[PDB]
Structures are given as structure tokens and as C-alpha cells.
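Student: What follows is protein.cif, mmCIF, C-alpha atoms.
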data_run
#
loop_
_atom_site.label_atom_id
_atom_site.label_comp_id
_atom_site.auth_asym_id
_atom_site.auth_seq_id
_atom_site.Cartn_x
_atom_site.Cartn_y
_atom_site.Cartn_z
CA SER W 1856 -27.71 -38.67 23.55
CA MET W 1857 -31.03 -39.66 21.87
CA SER W 1858 -33.94 -37.66 23.36
CA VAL W 1859 -31.59 -36.21 26.06
CA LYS W 1860 -30.51 -32.65 25.34
CA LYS W 1861 -28.46 -30.06 27.21
CA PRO W 1862 -30.28 -26.71 27.75
CA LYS W 1863 -30.47 -24.55 24.56
CA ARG W 1864 -27.87 -21.69 24.40
CA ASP W 1865 -29.24 -18.68 22.46
CA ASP W 1866 -27.25 -18.44 19.24
CA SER W 1867 -29.64 -16.06 17.44
CA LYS W 1868 -27.45 -12.94 17.75
CA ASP W 1869 -24.14 -14.68 16.82
CA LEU W 1870 -24.07 -13.54 13.14
CA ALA W 1871 -24.54 -9.91 14.11
CA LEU W 1872 -21.99 -10.09 16.93
CA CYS W 1873 -19.23 -11.80 14.78
CA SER W 1874 -19.84 -9.14 12.05
CA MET W 1875 -19.34 -6.36 14.67
CA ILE W 1876 -16.15 -7.95 15.90
CA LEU W 1877 -14.89 -8.27 12.28
CA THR W 1878 -15.74 -4.58 11.61
CA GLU W 1879 -13.65 -3.63 14.65
CA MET W 1880 -10.75 -5.63 13.28
CA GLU W 1881 -11.13 -4.30 9.73
CA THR W 1882 -10.85 -0.71 11.11
CA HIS W 1883 -7.82 -1.28 13.48
CA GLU W 1884 -4.67 0.57 12.34
CA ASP W 1885 -2.53 -2.63 12.49
CA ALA W 1886 -4.98 -4.51 10.21
CA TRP W 1887 -3.13 -3.59 7.01
CA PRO W 1888 -1.17 -6.82 6.45
CA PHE W 1889 -4.44 -8.81 6.80
CA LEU W 1890 -7.10 -6.87 4.80
CA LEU W 1891 -6.61 -8.72 1.45
CA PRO W 1892 -5.24 -12.09 0.22
CA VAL W 1893 -1.43 -12.26 0.00
CA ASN W 1894 -0.59 -12.05 -3.72
CA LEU W 1895 0.71 -15.52 -4.42
CA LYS W 1896 2.37 -14.46 -7.67
CA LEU W 1897 4.42 -11.67 -6.05
CA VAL W 1898 5.50 -13.03 -2.64
CA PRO W 1899 8.10 -15.80 -2.92
CA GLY W 1900 7.43 -18.85 -0.77
CA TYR W 1901 3.87 -18.05 0.32
CA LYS W 1902 2.11 -20.47 -2.01
CA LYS W 1903 4.22 -23.49 -1.02
CA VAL W 1904 4.70 -22.77 2.64
CA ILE W 1905 1.21 -21.53 3.68
CA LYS W 1906 -1.23 -24.37 3.09
CA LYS W 1907 -4.44 -22.46 3.99
CA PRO W 1908 -4.28 -18.73 3.15
CA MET W 1909 -6.81 -16.57 5.08
CA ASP W 1910 -7.53 -12.82 5.27
CA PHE W 1911 -10.27 -10.47 6.61
CA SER W 1912 -11.86 -9.74 3.17
CA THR W 1913 -12.25 -13.51 2.59
CA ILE W 1914 -13.65 -13.99 6.11
CA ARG W 1915 -16.09 -11.09 5.41
CA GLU W 1916 -17.34 -12.75 2.19
CA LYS W 1917 -17.84 -16.19 3.87
CA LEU W 1918 -19.79 -14.52 6.77
CA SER W 1919 -22.05 -12.57 4.39
CA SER W 1920 -22.87 -15.72 2.30
CA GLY W 1921 -23.71 -18.28 5.04
CA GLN W 1922 -20.37 -20.12 4.83
CA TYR W 1923 -19.81 -20.28 8.69
CA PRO W 1924 -22.00 -23.03 10.26
CA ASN W 1925 -21.29 -21.58 13.72
CA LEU W 1926 -19.19 -19.08 15.73
CA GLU W 1927 -16.39 -21.71 16.34
CA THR W 1928 -15.73 -22.09 12.60
CA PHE W 1929 -15.55 -18.24 12.31
CA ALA W 1930 -12.98 -17.99 15.21
CA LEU W 1931 -10.88 -20.69 13.47
CA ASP W 1932 -10.50 -18.57 10.30
CA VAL W 1933 -9.60 -15.45 12.35
CA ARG W 1934 -6.94 -17.45 14.25
CA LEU W 1935 -5.70 -18.91 10.99
CA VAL W 1936 -4.91 -15.36 9.83
CA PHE W 1937 -2.57 -14.88 12.84
CA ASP W 1938 -1.14 -18.40 12.86
CA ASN W 1939 -0.12 -17.97 9.16
CA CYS W 1940 1.41 -14.58 10.10
CA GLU W 1941 3.62 -16.27 12.76
CA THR W 1942 4.67 -18.99 10.33
CA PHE W 1943 5.96 -16.52 7.65
CA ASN W 1944 7.17 -13.49 9.69
CA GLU W 1945 9.82 -12.71 12.31
CA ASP W 1946 8.26 -11.53 15.63
CA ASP W 1947 10.61 -8.54 15.35
CA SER W 1948 9.16 -7.03 12.13
CA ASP W 1949 6.31 -4.61 11.55
CA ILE W 1950 4.10 -7.49 10.25
CA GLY W 1951 5.07 -9.90 13.04
CA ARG W 1952 4.19 -7.30 15.72
CA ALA W 1953 0.91 -6.39 13.88
CA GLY W 1954 -0.11 -10.04 14.02
CA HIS W 1955 0.55 -10.34 17.78
CA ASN W 1956 -1.34 -7.04 18.43
CA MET W 1957 -4.43 -8.14 16.36
CA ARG W 1958 -4.56 -11.55 17.97
CA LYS W 1959 -4.59 -9.94 21.41
CA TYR W 1960 -7.26 -7.44 20.22
CA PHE W 1961 -9.43 -10.23 18.76
CA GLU W 1962 -9.15 -12.55 21.74
CA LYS W 1963 -10.27 -9.94 24.28
CA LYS W 1964 -13.44 -9.06 22.17
CA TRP W 1965 -14.12 -12.78 21.70
CA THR W 1966 -14.10 -13.43 25.46
CA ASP W 1967 -15.99 -10.20 26.34
CA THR W 1968 -18.71 -11.04 23.79
CA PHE W 1969 -19.33 -14.83 24.26
CA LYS W 1970 -17.59 -16.24 27.46
#
Please go through the file and, once you have read it, give me the structure as C-alpha cells.

Tutor:
Amino acid sequence: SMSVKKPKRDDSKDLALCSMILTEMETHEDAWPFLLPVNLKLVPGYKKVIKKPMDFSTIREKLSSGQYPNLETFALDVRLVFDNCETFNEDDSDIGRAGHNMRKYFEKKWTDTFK
């Protein structure tokens, strides 16, 4: 509350560290369904079903242009990639498995870097 602050966590290396994590995800071999926006003209259903499209290239642009106020907002967009993947794909498909693999990959690096 007013004039009563919790001790200051050092957030000064967060930008660099999120960028490193994103690089590691961009270069994973199961990243391929997630590198670019889903083409909303050519994939039936995606536009209507998936309310908030997200992909790594779009996350990379937002990070590079000061569009993430903090590391929580960044983690939300990464999770959104995988949550959309589960909505639109069978677990038993190449894309469905890729999604599960990348989420697990992400979440370990997230915890090992920040928690």
C-alpha cells in the first residue's frame, strides 16, 4: 500500500532472458507449426474458432518493439500458442504432439530461468 513496498526484485535482465528462451523455441525441431501466423484464408475454421491467434514470429516482433510490459504478459502469449494448438488439433496428430512437446520444453526453461 501507499509508502509501503515489498523488496525490489531485479527485472533488468528479463528482456534478454525472454529473448534467449524464444530463440531456443524458434530453433527447436518441433517448432514448425508455430513459426508463422496460421493463414486464415486457407485453413477452414481457424478464423471463427480461434479468437486470439498467436505465433512465435508475432511474439518476436512484440518483444523487439516494447509491446510486453513484463515477463508475465510474455509467458501468456507463449501459452496462448499452445492453448490454441490444443483447441484445434487432436492430441494424436503430428501438430498436437508438437504442441505438447513445446509446452513442456518452454515450461522447464521458464522455471529454470525465473523460479

Student: Might you pull out every residue within 9 Å of segment 1965-1967 of chain W, with all atoms listed in the file counted and same-chain residues fewer than 6 positions away left off, and present them as a list in words?

Tutor: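 Listing them by chain and then by number gives residues 1873, 1876 and 1930 of chain W.
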
Student: Residues of the last selection are to be written out with C-alpha atoms, as a PDB file, in the coordinates of the input.

Tutor:
ATOM      1  CA  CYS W1873     -19.230 -11.800  14.780  1.00  0.00           C
ATOM      2  CA  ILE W1876     -16.150  -7.950  15.900  1.00  0.00           C
ATOM      3  CA  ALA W1930     -12.980 -17.990  15.210  1.00  0.00           C
TER       4      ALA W1930
END

Student: Can you list what the PyMOL selection byres ((chain W and resi 1911-1919) around 8) grabs from this structure, as a PyMOL selection string?

Tutor: chain W and resi 1870+1874+1877+1881+1889-1892+1909-1910+1920-1923+1929+1932-1933+1936

Student: Please produce a file of those selected residues containing C-alpha atoms, as an mmCIF file, keeping the file's coordinate frame.

Tutor:
data_model
loop_
_atom_site.group_PDB
_atom_site.id
_atom_site.type_symbol
_atom_site.label_atom_id
_atom_site.label_comp_id
_atom_site.auth_asym_id
_atom_site.auth_seq_id
_atom_site.Cartn_x
_atom_site.Cartn_y
_atom_site.Cartn_z
ATOM 1 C CA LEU W 1870 -24.070 -13.540 13.140
ATOM 2 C CA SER W 1874 -19.840 -9.140 12.050
ATOM 3 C CA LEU W 1877 -14.890 -8.270 12.280
ATOM 4 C CA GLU W 1881 -11.130 -4.300 9.730
ATOM 5 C CA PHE W 1889 -4.440 -8.810 6.800
ATOM 6 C CA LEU W 1890 -7.100 -6.870 4.800
ATOM 7 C CA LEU W 1891 -6.610 -8.720 1.450
ATOM 8 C CA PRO W 1892 -5.240 -12.090 0.220
ATOM 9 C CA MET W 1909 -6.810 -16.570 5.080
ATOM 10 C CA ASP W 1910 -7.530 -12.820 5.270
ATOM 11 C CA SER W 1920 -22.870 -15.720 2.300
ATOM 12 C CA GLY W 1921 -23.710 -18.280 5.040
ATOM 13 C CA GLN W 1922 -20.370 -20.120 4.830
ATOM 14 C CA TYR W 1923 -19.810 -20.280 8.690
ATOM 15 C CA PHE W 1929 -15.550 -18.240 12.310
ATOM 16 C CA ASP W 1932 -10.500 -18.570 10.300
ATOM 17 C CA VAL W 1933 -9.600 -15.450 12.350
ATOM 18 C CA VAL W 1936 -4.910 -15.360 9.830
#

Student: Go ahead and compute the interatomic distance for atom CA of residue 1931 of chain W and atom CA of residue 1856 of chain W, in Å to one decimal.

Tutor: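 Going from atom CA of residue 1931 of chain W over to atom CA of residue 1856 of chain W covers 26.6 Å.
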
Student: So how many Å separate atom CA of residue 1939 of chain W and atom CA of residue 1907 of chain W, to one decimal?

Tutor: 8.1 Å

Student: Near residue 1938 of chain W, within 10 Å and counting all atoms listed in the file, which residues show up once chain neighbours fewer than 2 positions away are dropped, as an MDAnalysis selection string?

Tutor: chainID W and resid 1905 1909 1932:1936 1940:1943 1954:1955 1958

Student: Report, in Å to a single decimal, how far apart atom CA of residue 1902 of chain W and atom CA of residue 1944 of chain W are.

Tutor: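 Computing the Euclidean distance for atom CA of residue 1944 of chain W and atom CA of residue 1902 of chain W yields 14.5 Å.
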
Student: Hey, which of W:1897, W:1904, W:1859, W:1880 ends up closest to residue 1960 of chain W? Count all atoms listed in the file.

Tutor: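 Result for the nearest residue to residue 1960 of chain W: W:1880.
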
Student: Find the residue from W:1968, W:1948, W:1867, W:1882 that sits nearest to residue 1925 of chain W; use only C-alpha atoms when measuring.

Tutor: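 Ranked by minimum distance to residue 1925 of chain W, first place goes to W:1867.
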
Student: Which residue, W:1900, W:1869, W:1857, W:1953, has the smallest gap to residue 1928 of chain W when you use only C-alpha atoms?

Tutor: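 Closest to residue 1928 of chain W, using only C-alpha atoms: W:1869.
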
Student: Give me the box for segment 1942-1961 of chain W as AutoDock Vina command-line options, namely the centre and edge lengths in Å to one decimal of a box along x, y and z that holds every listed atom plus 4 Å on each side.

Tutor:
--center_x 0.6 --center_y -11.8 --center_z 14.5 --size_x 28.0 --size_y 22.4 --size_z 21.8

Student: Counting all atoms listed in the file, which residue out of W:1937, W:1964, W:1957, W:1970 sits closest to residue 1884 of chain W?

Tutor: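 Going through W:1937, W:1964, W:1957, W:1970 one by one, the smallest distance to residue 1884 of chain W is for W:1957.
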